[PDB]
Amino acid sequence: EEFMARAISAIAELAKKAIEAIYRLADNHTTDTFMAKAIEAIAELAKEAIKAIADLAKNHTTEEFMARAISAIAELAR
Amino acid sequence: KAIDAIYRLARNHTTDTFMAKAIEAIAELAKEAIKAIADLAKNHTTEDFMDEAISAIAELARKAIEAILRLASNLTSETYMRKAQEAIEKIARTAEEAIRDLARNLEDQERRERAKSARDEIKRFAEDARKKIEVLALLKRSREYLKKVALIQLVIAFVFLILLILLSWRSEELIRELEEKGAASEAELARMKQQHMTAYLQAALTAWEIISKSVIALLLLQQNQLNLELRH
Amino acid sequence: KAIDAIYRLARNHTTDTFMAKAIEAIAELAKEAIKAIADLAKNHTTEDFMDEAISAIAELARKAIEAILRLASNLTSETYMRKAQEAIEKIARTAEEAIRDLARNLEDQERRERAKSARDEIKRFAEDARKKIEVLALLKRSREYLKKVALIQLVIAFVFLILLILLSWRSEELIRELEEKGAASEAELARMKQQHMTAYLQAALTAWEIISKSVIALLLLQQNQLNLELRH
């Protein structure tokens, strides 16, 4: 259904935007502390999003879900 | 239906109790189901049993294992990682064999090749979890045990030192009382002084022997820890 | 007829006694029957003996093993899981060999391929049950033994501490009586004080030596448990 399908995109979307925003600030900065903050924040954002997506998709019997989760995780992870 | 229902709900847990219930619930059914599905399919050559059983088991076995290992990943202490590993190994061995026999009884090489991949990831999930727990858990016990032993041995060394100072103090007190009072002749005191020094000696000689023995107990533990860490 | 009759009734048991009777009843007949069916079929090349014996044994061997293991799954303590494993291994080895020899004596590769699958699941049921019981049972005994030893050793440490306090108390009492009464000279008391402290010393030095030895007995057990858990 729609909830499960949107949830994969929504889960990855929120973490992805937060990852890009904290990364971008850290990429512009030369401060080690700020880079480290983005690193830890990024791990928390992608870690939760990846686990939630992987389990959501594995509770389906179709390629729609594996496709959404493979792309969502591969993008969050990379 | 039962594993998908359990996994769909289990993945949303926040506590150890509920994740642990899912770990057992998932393995109890996947293990019994897999064994039954194949044991029934294994008794006939029809492709209908082989295909339904190979497909049902490869999906059931992997979801049950993956669900357990993922719940375990949020519970990394031995209590839950061990329940998860045992839950996985029981499913995984049942599934490796169930898949293997059904795959070989079906003439379609495509089912056999996909089945081989499922068999290997299933076996490895159980073996991966097994090696990590057994070696790391044993290393932790060896380190804790050795530290506890070193602490016991320090207590022993300190009480030997206490005994030696007590003997020295008693020697001074016993002689001082007699010398101040004139309650013993010098010959009597000289004999007492040797008796006091002899007791000091007995204590000192033993304390040093025991410390050497204490070192050996620690080297035996260091040898044990070394061979575990080295062999992993 | 006897195994199907036993299994049809055995699967409906609710008690340990009756499930256990079925475990033995199933193996006694499947093992004797399988050995006999093949030993007779093995003495002639006719396809009628080979087909009846390969088919009868692969079905008889597997139902007897599966029935036993499933009864055992509701009786997971060692008492019954061991009866089940032994009951299975006896059937399983008899059947692996009975199937193997009959299958190789028949020119039809299809009987040989189905027979190979039956042989492997039969062997594995016995090996799976064997490894789980032997390693887990031995780990349980090693842990229970070590805990019992630690408890014995704690009792020993406590009685050594009791002996030391008793010696200290007797020293104070023996001297106090004499000093209060004026029943001993100071020189006599000084000698007694050293004798009392010397007895204290002998007790203390030994208690510490024994505690070190107690630690070694536990490290020897920890080394044993480690190698079992590590090697599984």
# chains A, B, ... in the order shown; residues from 1 in each chain; ligands from 1
$ residues_around --residues "stretch 51-62 of chain A" --least-positions-apart "4" --cutoff "9 Å" --atoms "only C-alpha atoms" --output "list in words"
residues 4, 5, 7, 8, 9, 11, 12, 46, 47, 66, 67, 68, 69, 70, 72 and 73 of chain A; 4, 5, 7, 8, 11, 12, 63, 66, 67 and 70 of chain B
$ residues_around --residues "residue A:45" --least-positions-apart "6" --cutoff "12 Å" --atoms "only C-alpha atoms" --output "PyMOL selection string"
chain A and resi 11-23+38-39+51-52+73+76-77
$ closest_atom_pairs --of "chain B" --to "chain C" --cutoff "9 Å" --atoms "only C-alpha atoms" --output "JSON lines"
{"residue": "B:39", "atom": "CA", "partner": "C:66", "partner_atom": "CA", "distance": 8.1}
{"residue": "B:42", "atom": "CA", "partner": "C:118", "partner_atom": "CA", "distance": 8.4}
{"residue": "B:43", "atom": "CA", "partner": "C:59", "partner_atom": "CA", "distance": 7.7}
{"residue": "B:45", "atom": "CA", "partner": "C:114", "partner_atom": "CA", "distance": 8.7}
{"residue": "B:93", "atom": "CA", "partner": "C:128", "partner_atom": "CA", "distance": 8.5}
{"residue": "B:97", "atom": "CA", "partner": "C:121", "partner_atom": "CA", "distance": 7.4}
{"residue": "B:98", "atom": "CA", "partner": "C:121", "partner_atom": "CA", "distance": 8.7}
{"residue": "B:100", "atom": "CA", "partner": "C:117", "partner_atom": "CA", "distance": 8.9}
{"residue": "B:101", "atom": "CA", "partner": "C:117", "partner_atom": "CA", "distance": 5.9}
{"residue": "B:102", "atom": "CA", "partner": "C:117", "partner_atom": "CA", "distance": 8.6}
{"residue": "B:104", "atom": "CA", "partner": "C:117", "partner_atom": "CA", "distance": 7.5}
{"residue": "B:105", "atom": "CA", "partner": "C:114", "partner_atom": "CA", "distance": 6.9}
{"residue": "B:131", "atom": "CA", "partner": "C:230", "partner_atom": "CA", "distance": 8.4}
{"residue": "B:134", "atom": "CA", "partner": "C:230", "partner_atom": "CA", "distance": 6.1}
{"residue": "B:135", "atom": "CA", "partner": "C:230", "partner_atom": "CA", "distance": 6.7}
{"residue": "B:138", "atom": "CA", "partner": "C:226", "partner_atom": "CA", "distance": 6.4}
{"residue": "B:141", "atom": "CA", "partner": "C:222", "partner_atom": "CA", "distance": 8.7}
{"residue": "B:142", "atom": "CA", "partner": "C:222", "partner_atom": "CA", "distance": 8.0}
{"residue": "B:145", "atom": "CA", "partner": "C:219", "partner_atom": "CA", "distance": 8.2}
{"residue": "B:146", "atom": "CA", "partner": "C:219", "partner_atom": "CA", "distance": 9.0}
{"residue": "B:149", "atom": "CA", "partner": "C:215", "partner_atom": "CA", "distance": 7.3}
{"residue": "B:152", "atom": "CA", "partner": "C:212", "partner_atom": "CA", "distance": 8.5}
{"residue": "B:153", "atom": "CA", "partner": "C:212", "partner_atom": "CA", "distance": 7.6}
{"residue": "B:156", "atom": "CA", "partner": "C:208", "partner_atom": "CA", "distance": 6.3}
{"residue": "B:157", "atom": "CA", "partner": "C:208", "partner_atom": "CA", "distance": 9.0}
{"residue": "B:159", "atom": "CA", "partner": "C:208", "partner_atom": "CA", "distance": 8.6}
{"residue": "B:160", "atom": "CA", "partner": "C:205", "partner_atom": "CA", "distance": 7.6}
{"residue": "B:163", "atom": "CA", "partner": "C:201", "partner_atom": "CA", "distance": 7.4}
{"residue": "B:167", "atom": "CA", "partner": "C:197", "partner_atom": "CA", "distance": 7.7}
{"residue": "B:170", "atom": "CA", "partner": "C:194", "partner_atom": "CA", "distance": 7.9}
{"residue": "B:171", "atom": "CA", "partner": "C:194", "partner_atom": "CA", "distance": 8.1}
{"residue": "B:174", "atom": "CA", "partner": "C:190", "partner_atom": "CA", "distance": 5.6}
{"residue": "B:175", "atom": "CA", "partner": "C:190", "partner_atom": "CA", "distance": 7.8}
{"residue": "B:177", "atom": "CA", "partner": "C:186", "partner_atom": "CA", "distance": 8.0}
{"residue": "B:178", "atom": "CA", "partner": "C:186", "partner_atom": "CA", "distance": 6.6}
{"residue": "B:181", "atom": "CA", "partner": "C:186", "partner_atom": "CA", "distance": 8.7}
{"residue": "B:183", "atom": "CA", "partner": "C:186", "partner_atom": "CA", "distance": 6.0}
{"residue": "B:184", "atom": "CA", "partner": "C:187", "partner_atom": "CA", "distance": 5.6}
{"residue": "B:185", "atom": "CA", "partner": "C:187", "partner_atom": "CA", "distance": 8.9}
{"residue": "B:188", "atom": "CA", "partner": "C:187", "partner_atom": "CA", "distance": 7.9}
{"residue": "B:189", "atom": "CA", "partner": "C:187", "partner_atom": "CA", "distance": 8.4}
{"residue": "B:192", "atom": "CA", "partner": "C:191", "partner_atom": "CA", "distance": 7.0}
{"residue": "B:195", "atom": "CA", "partner": "C:194", "partner_atom": "CA", "distance": 7.6}
{"residue": "B:196", "atom": "CA", "partner": "C:194", "partner_atom": "CA", "distance": 6.8}
{"residue": "B:199", "atom": "CA", "partner": "C:198", "partner_atom": "CA", "distance": 6.3}
{"residue": "B:202", "atom": "CA", "partner": "C:201", "partner_atom": "CA", "distance": 8.5}
{"residue": "B:203", "atom": "CA", "partner": "C:201", "partner_atom": "CA", "distance": 6.9}
{"residue": "B:206", "atom": "CA", "partner": "C:205", "partner_atom": "CA", "distance": 6.8}
{"residue": "B:207", "atom": "CA", "partner": "C:205", "partner_atom": "CA", "distance": 7.4}
{"residue": "B:210", "atom": "CA", "partner": "C:209", "partner_atom": "CA", "distance": 6.2}
{"residue": "B:213", "atom": "CA", "partner": "C:212", "partner_atom": "CA", "distance": 7.5}
{"residue": "B:214", "atom": "CA", "partner": "C:212", "partner_atom": "CA", "distance": 6.4}
{"residue": "B:217", "atom": "CA", "partner": "C:216", "partner_atom": "CA", "distance": 6.1}
{"residue": "B:220", "atom": "CA", "partner": "C:219", "partner_atom": "CA", "distance": 8.1}
{"residue": "B:221", "atom": "CA", "partner": "C:219", "partner_atom": "CA", "distance": 7.0}
{"residue": "B:224", "atom": "CA", "partner": "C:223", "partner_atom": "CA", "distance": 6.7}
{"residue": "B:228", "atom": "CA", "partner": "C:230", "partner_atom": "CA", "distance": 8.3}
{"residue": "B:232", "atom": "CA", "partner": "C:230", "partner_atom": "CA", "distance": 8.4}
$ write_last_selection --atoms "C-alpha atoms" --output "CSV table (one decimal), in the first residue's frame"
chain,number,residue,atom,x,y,z
B,39,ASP,CA,10.1,-32.9,5.1
B,42,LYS,CA,11.1,-34.2,0.2
B,43,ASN,CA,8.7,-37.2,0.0
B,45,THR,CA,9.3,-35.7,-6.8
B,93,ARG,CA,20.8,-25.1,9.8
B,97,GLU,CA,19.4,-28.5,4.7
B,98,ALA,CA,15.8,-28.0,3.8
B,100,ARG,CA,19.7,-28.2,-0.2
B,101,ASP,CA,17.7,-31.3,-0.4
B,102,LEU,CA,14.7,-29.8,-2.1
B,104,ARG,CA,18.8,-31.1,-5.5
B,105,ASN,CA,15.6,-33.0,-6.0
B,131,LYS,CA,32.3,-16.6,15.7
B,134,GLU,CA,32.2,-17.0,21.0
B,135,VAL,CA,35.6,-15.4,20.5
B,138,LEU,CA,35.6,-15.7,25.7
B,141,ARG,CA,35.8,-13.5,30.3
B,142,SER,CA,39.5,-14.1,30.1
B,145,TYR,CA,39.0,-13.2,35.1
B,146,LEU,CA,42.6,-12.2,34.9
B,149,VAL,CA,42.8,-12.6,39.8
B,152,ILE,CA,42.8,-11.1,44.5
B,153,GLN,CA,46.5,-11.5,44.4
B,156,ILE,CA,46.9,-11.4,49.2
B,157,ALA,CA,50.2,-9.5,48.8
B,159,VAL,CA,47.7,-9.0,53.8
B,160,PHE,CA,51.1,-10.7,53.8
B,163,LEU,CA,51.2,-9.8,58.7
B,167,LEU,CA,55.0,-9.6,63.7
B,170,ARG,CA,54.7,-7.6,68.4
B,171,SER,CA,58.4,-8.3,68.7
B,174,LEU,CA,56.9,-8.0,73.8
B,175,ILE,CA,60.6,-7.2,74.4
B,177,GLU,CA,57.6,-4.6,78.1
B,178,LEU,CA,60.0,-7.1,79.6
B,181,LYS,CA,60.0,-4.0,83.8
B,183,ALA,CA,60.8,-9.1,83.9
B,184,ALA,CA,63.2,-11.3,81.9
B,185,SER,CA,66.9,-12.0,81.9
B,188,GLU,CA,65.6,-15.1,78.1
B,189,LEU,CA,65.1,-12.0,76.0
B,192,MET,CA,62.6,-14.5,72.6
B,195,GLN,CA,61.7,-16.6,68.3
B,196,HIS,CA,60.2,-13.3,67.2
B,199,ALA,CA,58.3,-16.0,63.1
B,202,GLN,CA,58.6,-17.8,58.4
B,203,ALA,CA,56.1,-15.1,57.3
B,206,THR,CA,56.2,-17.7,52.6
B,207,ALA,CA,55.0,-14.4,51.4
B,210,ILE,CA,53.2,-17.2,47.3
B,213,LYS,CA,52.9,-18.7,42.7
B,214,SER,CA,50.5,-15.7,42.1
B,217,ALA,CA,48.6,-18.2,38.0
B,220,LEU,CA,48.8,-19.3,32.9
B,221,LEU,CA,46.0,-16.9,32.2
B,224,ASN,CA,45.2,-18.8,27.7
B,228,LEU,CA,42.4,-17.4,22.2
B,232,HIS,CA,40.2,-16.4,16.9
$ closest_residue --among "A:27, A:50, A:6, A:71" --to "chain B" --atoms "only C-alpha atoms"
A:50
$ atom_distance --atom1 "atom CA of residue C:151" --atom2 "atom CA of residue B:155"
19.6 Å
